[PDB]
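Content type mmCIF, C-alpha atoms and all ligand atoms, from the file structure.cif:
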```
data_structure
loop_
_atom_site.label_atom_id
_atom_site.label_comp_id
_atom_site.auth_asym_id
_atom_site.auth_seq_id
_atom_site.Cartn_x
_atom_site.Cartn_y
_atom_site.Cartn_z
CA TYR U 6 160.08 -42.74 -188.70
CA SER U 7 157.52 -43.30 -185.96
CA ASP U 8 157.07 -46.84 -184.66
CA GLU U 9 153.60 -46.84 -186.23
CA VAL U 10 155.00 -46.11 -189.69
CA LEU U 11 157.84 -48.63 -189.32
CA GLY U 12 155.42 -51.16 -187.87
CA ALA U 13 152.99 -50.86 -190.77
CA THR U 14 155.77 -51.07 -193.37
CA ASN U 15 157.23 -54.21 -191.77
CA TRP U 16 153.82 -55.86 -191.44
CA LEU U 17 153.01 -55.24 -195.12
CA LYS U 18 156.46 -56.32 -196.35
CA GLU U 19 156.15 -59.68 -194.57
CA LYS U 20 152.90 -60.20 -196.46
CA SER U 21 154.21 -58.75 -199.72
CA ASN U 22 153.53 -61.87 -201.77
CA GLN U 23 150.55 -63.35 -199.97
CA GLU U 24 147.84 -64.22 -202.50
CA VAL U 25 144.42 -62.83 -201.65
CA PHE U 26 141.02 -62.21 -203.22
CA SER U 27 140.04 -58.70 -204.32
CA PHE U 28 136.40 -57.65 -203.80
CA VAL U 29 134.50 -54.42 -204.18
CA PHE U 30 131.40 -53.79 -202.05
CA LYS U 31 129.14 -51.17 -203.61
CA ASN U 32 125.63 -49.94 -204.09
CA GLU U 33 123.72 -48.45 -206.99
CA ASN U 34 120.88 -45.97 -207.11
CA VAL U 35 117.41 -47.49 -207.11
CA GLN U 36 113.94 -46.03 -207.54
CA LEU U 37 111.07 -48.23 -206.39
CA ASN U 38 107.53 -46.92 -206.87
CA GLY U 39 108.73 -43.32 -206.83
CA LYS U 40 110.88 -43.88 -203.74
CA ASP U 41 114.52 -42.85 -204.19
CA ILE U 42 117.15 -45.11 -202.62
CA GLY U 43 120.53 -43.46 -203.03
CA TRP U 44 124.03 -44.40 -201.96
CA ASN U 45 123.47 -42.94 -198.48
CA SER U 46 119.98 -44.30 -197.83
CA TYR U 47 121.24 -46.96 -195.40
CA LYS U 48 121.64 -44.97 -192.22
CA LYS U 49 119.87 -47.14 -189.65
CA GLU U 50 122.23 -47.92 -186.79
CA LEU U 51 121.24 -51.49 -186.02
CA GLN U 52 121.51 -52.40 -182.36
CA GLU U 53 123.35 -55.69 -182.82
CA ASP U 54 126.32 -55.86 -180.41
CA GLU U 55 129.01 -56.81 -182.95
CA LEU U 56 127.82 -54.23 -185.47
CA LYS U 57 127.84 -51.51 -182.82
CA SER U 58 131.42 -52.45 -181.90
CA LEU U 59 132.50 -52.40 -185.53
CA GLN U 60 130.93 -49.00 -186.09
CA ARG U 61 132.77 -47.63 -183.06
CA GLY U 62 136.00 -48.98 -184.53
CA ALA U 63 135.39 -47.09 -187.78
CA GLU U 64 134.60 -43.83 -185.95
CA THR U 65 137.78 -44.07 -183.93
CA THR U 66 139.86 -44.99 -187.00
CA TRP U 67 138.53 -41.84 -188.67
CA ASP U 68 139.23 -39.76 -185.57
CA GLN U 69 142.82 -40.99 -185.15
CA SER U 70 143.73 -40.70 -188.84
CA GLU U 71 142.36 -37.17 -189.13
CA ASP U 72 144.99 -34.51 -189.82
CA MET U 73 144.09 -31.46 -187.73
CA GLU U 74 146.78 -29.29 -189.28
CA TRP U 75 144.25 -29.01 -192.09
CA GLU U 76 140.49 -28.52 -191.82
CA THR U 77 138.11 -31.27 -192.94
CA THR U 78 134.74 -30.34 -194.42
CA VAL U 79 133.34 -33.79 -195.22
CA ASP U 80 129.57 -33.84 -194.68
CA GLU U 81 128.48 -35.43 -191.40
CA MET U 82 125.94 -37.61 -193.22
CA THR U 83 128.65 -38.92 -195.53
CA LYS U 84 130.91 -39.85 -192.59
CA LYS U 85 128.04 -41.54 -190.77
CA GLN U 86 127.13 -43.62 -193.79
CA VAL U 87 130.74 -44.66 -194.38
CA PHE U 88 131.09 -45.73 -190.72
CA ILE U 89 127.91 -47.77 -191.04
CA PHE U 90 129.09 -49.39 -194.28
CA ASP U 91 132.44 -50.25 -192.68
CA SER U 92 130.57 -52.16 -189.97
CA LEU U 93 128.31 -53.89 -192.54
CA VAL U 94 131.14 -54.89 -194.90
CA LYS U 95 133.06 -56.39 -191.99
CA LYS U 96 129.97 -58.16 -190.66
CA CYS U 97 129.65 -59.85 -194.09
CA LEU U 98 133.30 -60.94 -194.11
CA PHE U 99 133.01 -62.29 -190.58
CA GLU U 100 129.80 -64.22 -191.35
CA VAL U 101 131.43 -66.02 -194.25
CA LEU U 102 134.51 -66.76 -192.15
CA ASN U 103 132.17 -68.36 -189.60
CA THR U 104 130.57 -70.52 -192.32
CA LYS U 105 134.03 -71.83 -193.21
CA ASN U 106 135.13 -72.21 -189.56
CA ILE U 107 138.09 -69.91 -190.19
CA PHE U 108 139.80 -68.48 -187.11
CA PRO U 109 139.90 -64.70 -187.66
CA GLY U 110 143.58 -64.54 -186.66
CA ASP U 111 144.45 -66.82 -189.59
CA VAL U 112 143.14 -64.29 -192.10
CA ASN U 113 144.85 -61.31 -193.68
CA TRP U 114 142.49 -58.55 -194.74
CA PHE U 115 142.50 -54.90 -195.80
CA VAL U 116 139.50 -52.62 -196.29
CA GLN U 117 139.51 -49.21 -197.98
CA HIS U 118 136.54 -46.94 -198.65
CA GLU U 119 136.81 -44.75 -201.74
CA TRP U 120 134.83 -42.39 -203.96
CA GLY U 121 134.96 -43.09 -207.68
CA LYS U 122 134.45 -40.52 -210.44
CA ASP U 123 131.41 -42.31 -211.82
CA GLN U 124 130.31 -44.82 -209.17
CA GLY U 125 130.79 -42.76 -206.00
CA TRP U 126 131.18 -44.65 -202.73
CA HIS U 127 132.57 -48.18 -202.81
CA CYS U 128 134.71 -50.31 -200.56
CA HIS U 129 137.72 -52.41 -201.57
CA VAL U 130 138.40 -55.60 -199.64
CA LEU U 131 141.51 -57.74 -199.92
CA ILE U 132 141.18 -61.02 -198.02
CA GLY U 133 143.05 -64.33 -197.90
CA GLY U 134 145.12 -66.76 -195.88
CA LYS U 135 146.05 -70.41 -195.47
CA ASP U 136 142.38 -71.49 -195.53
CA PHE U 137 141.76 -69.76 -198.87
CA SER U 138 142.29 -71.07 -202.42
CA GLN U 139 141.68 -69.46 -205.83
CA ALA U 140 138.93 -71.91 -206.82
CA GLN U 141 136.82 -70.66 -203.89
CA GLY U 142 136.63 -67.09 -205.18
CA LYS U 143 133.27 -67.39 -206.94
CA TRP U 144 131.66 -69.02 -203.90
CA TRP U 145 133.04 -66.25 -201.68
CA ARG U 146 131.64 -63.54 -203.96
CA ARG U 147 128.21 -65.15 -204.01
CA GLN U 148 128.11 -65.62 -200.22
CA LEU U 149 129.35 -62.10 -199.51
CA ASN U 150 126.68 -60.72 -201.86
CA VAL U 151 123.98 -62.68 -199.99
CA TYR U 152 125.02 -61.17 -196.67
CA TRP U 153 125.62 -57.72 -198.15
CA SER U 154 122.17 -57.58 -199.74
CA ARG U 155 120.58 -58.87 -196.51
CA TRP U 156 122.28 -56.27 -194.34
CA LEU U 157 121.58 -53.40 -196.74
CA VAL U 158 117.85 -54.13 -196.75
CA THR U 159 117.95 -54.22 -192.94
CA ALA U 160 119.88 -50.92 -192.69
CA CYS U 161 117.84 -49.06 -195.32
CA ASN U 162 116.30 -45.90 -193.83
CA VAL U 163 113.69 -45.45 -196.55
CA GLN U 164 110.23 -46.64 -195.57
CA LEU U 165 109.63 -49.66 -197.80
CA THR U 166 106.73 -52.08 -198.22
CA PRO U 167 107.59 -55.79 -197.95
CA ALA U 168 107.40 -56.14 -201.76
CA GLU U 169 109.84 -53.24 -202.08
CA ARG U 170 112.30 -54.72 -199.59
CA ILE U 171 112.31 -58.01 -201.50
CA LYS U 172 112.80 -56.20 -204.81
CA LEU U 173 115.74 -54.27 -203.35
CA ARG U 174 117.19 -57.52 -202.01
CA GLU U 175 116.92 -59.08 -205.51
CA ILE U 176 118.42 -56.02 -207.22
CA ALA U 177 121.48 -56.04 -204.95
CA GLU U 178 122.11 -59.73 -205.72
CA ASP U 179 121.21 -59.81 -209.42
CA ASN U 180 123.29 -56.71 -210.16
CA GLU U 181 126.28 -58.01 -208.16
CA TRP U 182 126.75 -55.30 -205.58
CA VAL U 183 129.74 -57.36 -204.48
CA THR U 184 132.26 -57.83 -207.30
CA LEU U 185 135.27 -60.16 -207.54
CA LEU U 186 138.41 -59.35 -209.51
CA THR U 187 138.86 -61.67 -212.47
CA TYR U 188 141.19 -61.78 -215.45
CA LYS U 189 139.88 -59.82 -218.43
CA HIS U 190 137.74 -61.94 -220.74
CA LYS U 191 134.77 -62.15 -223.09
CA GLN U 192 131.10 -62.12 -222.04
CA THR U 193 130.62 -65.66 -223.35
CA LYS U 194 133.96 -66.93 -222.06
CA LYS U 195 134.71 -68.22 -218.58
CA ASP U 196 135.98 -65.82 -215.94
CA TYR U 197 138.91 -66.87 -213.77
CA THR U 198 139.40 -65.46 -210.28
CA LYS U 199 142.42 -63.13 -210.20
CA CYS U 200 144.23 -63.22 -206.89
CA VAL U 201 146.41 -60.22 -206.03
CA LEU U 202 149.50 -59.82 -203.84
CA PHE U 203 148.44 -58.39 -200.47
CA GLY U 204 151.33 -56.22 -199.28
CA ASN U 205 152.27 -55.04 -202.79
CA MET U 206 148.76 -53.91 -203.70
CA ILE U 207 148.40 -52.06 -200.40
CA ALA U 208 151.79 -50.30 -200.48
CA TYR U 209 151.98 -49.53 -204.20
CA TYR U 210 148.33 -48.78 -204.89
CA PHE U 211 145.87 -48.26 -202.01
CA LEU U 212 148.30 -46.19 -199.90
CA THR U 213 148.93 -43.88 -202.88
CA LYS U 214 145.39 -42.44 -202.89
CA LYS U 215 144.53 -38.89 -201.83
CA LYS U 216 142.48 -38.32 -198.66
CA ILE U 217 138.94 -37.03 -199.07
CA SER U 218 138.62 -33.80 -197.06
CA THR U 219 135.65 -32.13 -198.76
CA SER U 220 132.07 -32.59 -199.85
CA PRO U 221 131.61 -33.38 -202.64
CA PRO U 222 134.53 -35.85 -202.43
CA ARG U 223 137.57 -35.60 -204.67
CA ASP U 224 137.34 -38.06 -207.54
CA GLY U 225 139.31 -41.21 -206.75
CA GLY U 226 139.98 -40.28 -203.13
CA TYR U 227 139.85 -42.48 -200.03
CA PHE U 228 137.86 -41.98 -196.82
CA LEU U 229 139.08 -44.61 -194.42
CA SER U 230 141.20 -47.78 -194.36
CA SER U 231 141.71 -50.64 -191.94
CA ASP U 232 143.40 -54.01 -191.77
CA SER U 233 143.51 -57.23 -189.78
CA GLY U 234 146.62 -56.05 -187.90
CA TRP U 235 145.28 -52.57 -187.09
CA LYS U 236 148.42 -51.32 -188.85
CA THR U 237 147.23 -48.80 -191.45
CA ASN U 238 144.04 -47.76 -189.62
CA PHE U 239 145.32 -44.71 -187.76
CA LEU U 240 147.81 -43.43 -190.35
CA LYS U 241 147.35 -39.90 -191.72
CA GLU U 242 147.72 -39.33 -195.47
CA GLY U 243 151.34 -38.19 -195.14
CA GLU U 244 152.23 -41.23 -193.06
CA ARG U 245 150.67 -43.56 -195.62
CA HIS U 246 152.89 -42.11 -198.35
CA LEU U 247 155.88 -42.57 -196.03
CA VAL U 248 154.97 -46.26 -195.71
CA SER U 249 154.96 -46.65 -199.50
CA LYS U 250 158.36 -44.94 -199.73
CA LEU U 251 159.90 -47.15 -197.03
CA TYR U 252 158.30 -50.30 -198.47
CA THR U 253 160.30 -49.81 -201.65
MN MN U 301 138.42 -47.71 -206.08
#
```
As structure tokens:
Amino acid sequence: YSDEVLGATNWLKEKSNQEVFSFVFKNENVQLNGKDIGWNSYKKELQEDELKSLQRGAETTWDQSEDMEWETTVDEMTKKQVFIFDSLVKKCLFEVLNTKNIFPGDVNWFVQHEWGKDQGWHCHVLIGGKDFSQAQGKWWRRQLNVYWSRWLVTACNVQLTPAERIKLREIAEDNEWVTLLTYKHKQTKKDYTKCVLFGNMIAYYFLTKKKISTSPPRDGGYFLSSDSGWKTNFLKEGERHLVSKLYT
């Protein structure tokens, strides 16, 4: 019952029923003119001040949440790429907030990087607040995908011709490398944005995942999480499960 565990539980419980959007930021494998662009082909560390700061935040979140009782054999390249993506995902969120003139302190958000059985790396984002409404979900997805595709093409470490960069940009947008949770439907039928409950989804779902400690990653595991209150960031796996238990 450390203050950190109690503090996270209390913070989430207060936001138990806050409606938020659910996004997934991802990438897919691409081959352009014989050039392979895989999930971890975006390893440029761009020297923009905010991005550098965000990447440092991810590194330190990883460092503080690491359990040293057990050894961790995650590949260095994998960690690097995840830290970079954490900075890029956040940069996208912050750019859209700026477009809407939303004060960052008026926003609740949660970010969690995972490795899926079939898709591999992806990043969940829950985001909402008083300045957000369900009808804005589709606009948010589109804007986030614009910024996400733009930053990915900038961060790509594969030498690309201008035509190739533009093609990659178009692929990331056309194939919706940012997804928005909607109610189940038909291809022809309309899709409705499905808002989720912030604290509940975090405590009863995201905090239940198993920590990735190996390469290749365990199917369905998580790498790293963070939130707008810096509450879950530094928690070890065992502490996260304690939060879920207390939250109930
Ligand atoms: Mn997932």
*Taking (160.7, -42.9, -188.6) in the file's coordinates, which residues come within 12 Å, counting all atoms listed in the file, written as a list in words?*
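Every residue inside that radius is included here: residues 6, 7, 8, 9, 10, 11, 12, 13, 14, 244, 247, 248, 250 and 251 of chain U.
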_Taking 4 positions as the minimum chain separation for residues in the same chain, which residues sit within 7 Å of residue 70 (chain U) when counting all atoms listed in the file? Answer as a ChimeraX atom specification._
/U:66,239-241
*Could you tell me, counting only C-alpha atoms and all ligand atoms, which protein and nucleic acid residues lie no more than 7 Å from ligand MN 301 (chain U), written as a VMD selection string?*
chain U and resid 119 to 121 127 129 225
*Taking into account only C-alpha atoms, which residue in the set U:65, U:86, U:117, U:184 is nearest to residue 44 (chain U)?*
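When distances to residue 44 (chain U) are compared using only C-alpha atoms, the smallest one comes from U:86.
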Would you mind listing, for every residue of region 102-170 of chain U within 10 Å of region 26-42 of chain U, the two atoms forming the shortest contact and the distance between them in Å to one decimal, using only C-alpha atoms, sorted by chain and ascending residue number, as JSON lines?
```
{"residue": "U:114", "atom": "CA", "partner": "U:26", "partner_atom": "CA", "distance": 9.4}
{"residue": "U:115", "atom": "CA", "partner": "U:27", "partner_atom": "CA", "distance": 9.6}
{"residue": "U:116", "atom": "CA", "partner": "U:29", "partner_atom": "CA", "distance": 9.5}
{"residue": "U:117", "atom": "CA", "partner": "U:29", "partner_atom": "CA", "distance": 9.5}
{"residue": "U:118", "atom": "CA", "partner": "U:30", "partner_atom": "CA", "distance": 9.2}
{"residue": "U:124", "atom": "CA", "partner": "U:33", "partner_atom": "CA", "distance": 7.8}
{"residue": "U:125", "atom": "CA", "partner": "U:31", "partner_atom": "CA", "distance": 8.9}
{"residue": "U:126", "atom": "CA", "partner": "U:31", "partner_atom": "CA", "distance": 6.9}
{"residue": "U:127", "atom": "CA", "partner": "U:31", "partner_atom": "CA", "distance": 4.6}
{"residue": "U:128", "atom": "CA", "partner": "U:30", "partner_atom": "CA", "distance": 5.0}
{"residue": "U:129", "atom": "CA", "partner": "U:29", "partner_atom": "CA", "distance": 4.6}
{"residue": "U:130", "atom": "CA", "partner": "U:28", "partner_atom": "CA", "distance": 5.1}
{"residue": "U:131", "atom": "CA", "partner": "U:27", "partner_atom": "CA", "distance": 4.7}
{"residue": "U:132", "atom": "CA", "partner": "U:26", "partner_atom": "CA", "distance": 5.3}
{"residue": "U:133", "atom": "CA", "partner": "U:26", "partner_atom": "CA", "distance": 6.1}
{"residue": "U:134", "atom": "CA", "partner": "U:26", "partner_atom": "CA", "distance": 9.6}
{"residue": "U:137", "atom": "CA", "partner": "U:26", "partner_atom": "CA", "distance": 8.7}
{"residue": "U:138", "atom": "CA", "partner": "U:26", "partner_atom": "CA", "distance": 9.0}
{"residue": "U:139", "atom": "CA", "partner": "U:26", "partner_atom": "CA", "distance": 7.7}
{"residue": "U:141", "atom": "CA", "partner": "U:26", "partner_atom": "CA", "distance": 9.5}
{"residue": "U:142", "atom": "CA", "partner": "U:26", "partner_atom": "CA", "distance": 6.9}
{"residue": "U:145", "atom": "CA", "partner": "U:26", "partner_atom": "CA", "distance": 9.1}
{"residue": "U:146", "atom": "CA", "partner": "U:28", "partner_atom": "CA", "distance": 7.6}
{"residue": "U:149", "atom": "CA", "partner": "U:30", "partner_atom": "CA", "distance": 8.9}
{"residue": "U:150", "atom": "CA", "partner": "U:30", "partner_atom": "CA", "distance": 8.4}
{"residue": "U:153", "atom": "CA", "partner": "U:30", "partner_atom": "CA", "distance": 8.0}
{"residue": "U:154", "atom": "CA", "partner": "U:32", "partner_atom": "CA", "distance": 9.4}
{"residue": "U:157", "atom": "CA", "partner": "U:32", "partner_atom": "CA", "distance": 9.1}
{"residue": "U:161", "atom": "CA", "partner": "U:42", "partner_atom": "CA", "distance": 8.3}
{"residue": "U:162", "atom": "CA", "partner": "U:42", "partner_atom": "CA", "distance": 8.9}
{"residue": "U:163", "atom": "CA", "partner": "U:42", "partner_atom": "CA", "distance": 7.0}
{"residue": "U:164", "atom": "CA", "partner": "U:40", "partner_atom": "CA", "distance": 8.6}
{"residue": "U:165", "atom": "CA", "partner": "U:40", "partner_atom": "CA", "distance": 8.4}
{"residue": "U:168", "atom": "CA", "partner": "U:37", "partner_atom": "CA", "distance": 9.9}
{"residue": "U:169", "atom": "CA", "partner": "U:37", "partner_atom": "CA", "distance": 6.7}
{"residue": "U:170", "atom": "CA", "partner": "U:37", "partner_atom": "CA", "distance": 9.5}
```
*Please provide the set of residues having any atom within 12 Å of region 158-160 of chain U, restricted to only C-alpha atoms, with same-chain residues fewer than 4 positions apart removed, written as number ranges by chain.*
U: 32, 42, 45-53, 56, 86, 89-90, 92-93, 151-154, 164-178
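Closest to residue 246 (chain U) among U:208, U:217, U:229, U:94 is U:208, based on only C-alpha atoms.
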*asked:* Quick check, in Å to one decimal: how far apart do CA of residue 81 (chain U) and CA of residue 180 (chain U) lie?
replied: 28.8 Å
Can you tell me which residues surround residue 76 (chain U) at a distance of at most 12 Å, considering only C-alpha atoms, apart from same-chain residues fewer than 2 positions away, and format the answer as a short mmCIF file (atom, residue, chain, number, x, y, z; two decimals) with C-alpha atoms, in the frame of the given file?
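Output file out_6.cif follows:
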```
data_model
loop_
_atom_site.label_atom_id
_atom_site.label_comp_id
_atom_site.auth_asym_id
_atom_site.auth_seq_id
_atom_site.Cartn_x
_atom_site.Cartn_y
_atom_site.Cartn_z
CA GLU U 71 142.36 -37.17 -189.13
CA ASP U 72 144.99 -34.51 -189.82
CA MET U 73 144.09 -31.46 -187.73
CA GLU U 74 146.78 -29.29 -189.28
CA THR U 78 134.74 -30.34 -194.42
CA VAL U 79 133.34 -33.79 -195.22
CA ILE U 217 138.94 -37.03 -199.07
CA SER U 218 138.62 -33.80 -197.06
CA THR U 219 135.65 -32.13 -198.76
#
```
*Contacts of residue 204 (chain U) at 8 Å or less, counting all atoms listed in the file, minus same-chain residues fewer than 6 places along, as a list in words?*
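Those residues are residues 17, 18, 19, 20, 21, 22 and 23 of chain U.
Checking U:238, U:193, U:213, U:113 one by one against residue 25 (chain U), counting all atoms listed in the file, you find the shortest gap at U:113.
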Is it possible to get the residues within 12 Å of (140.1, -64.2, -189.7) (coordinates as in the file, counting all atoms listed in the file) written as a CSV table (one decimal) with C-alpha atoms, in the coordinates of the input?
```csv
chain,number,residue,atom,x,y,z
U,95,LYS,CA,133.1,-56.4,-192.0
U,96,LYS,CA,130.0,-58.2,-190.7
U,98,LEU,CA,133.3,-60.9,-194.1
U,99,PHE,CA,133.0,-62.3,-190.6
U,100,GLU,CA,129.8,-64.2,-191.4
U,101,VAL,CA,131.4,-66.0,-194.2
U,102,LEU,CA,134.5,-66.8,-192.2
U,103,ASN,CA,132.2,-68.4,-189.6
U,104,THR,CA,130.6,-70.5,-192.3
U,105,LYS,CA,134.0,-71.8,-193.2
U,106,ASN,CA,135.1,-72.2,-189.6
U,107,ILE,CA,138.1,-69.9,-190.2
U,108,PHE,CA,139.8,-68.5,-187.1
U,109,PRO,CA,139.9,-64.7,-187.7
U,110,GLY,CA,143.6,-64.5,-186.7
U,111,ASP,CA,144.4,-66.8,-189.6
U,112,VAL,CA,143.1,-64.3,-192.1
U,113,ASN,CA,144.8,-61.3,-193.7
U,114,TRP,CA,142.5,-58.6,-194.7
U,115,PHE,CA,142.5,-54.9,-195.8
U,132,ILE,CA,141.2,-61.0,-198.0
U,133,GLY,CA,143.0,-64.3,-197.9
U,134,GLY,CA,145.1,-66.8,-195.9
U,135,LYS,CA,146.0,-70.4,-195.5
U,136,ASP,CA,142.4,-71.5,-195.5
U,137,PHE,CA,141.8,-69.8,-198.9
U,232,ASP,CA,143.4,-54.0,-191.8
U,233,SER,CA,143.5,-57.2,-189.8
U,234,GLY,CA,146.6,-56.0,-187.9
```
*Work out how far CA of residue 205 (chain U) is from CA of residue 228 (chain U), in Å to one decimal.*
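About the pair CA of residue 228 (chain U) and CA of residue 205 (chain U): they are 20.3 Å apart.
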Report as JSON the centre and the edge lengths, in Å to one decimal, of the axis-aligned box holding every listed atom of region 209-217 of chain U, padded by 4 Å on each side.
```
{"center_x": 145.5, "center_y": -43.3, "center_z": -201.8, "size_x": 21.0, "size_y": 20.5, "size_z": 14.2}
```
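Note that CA of residue 185 (chain U) and CA of residue 143 (chain U) are 7.5 Å apart.
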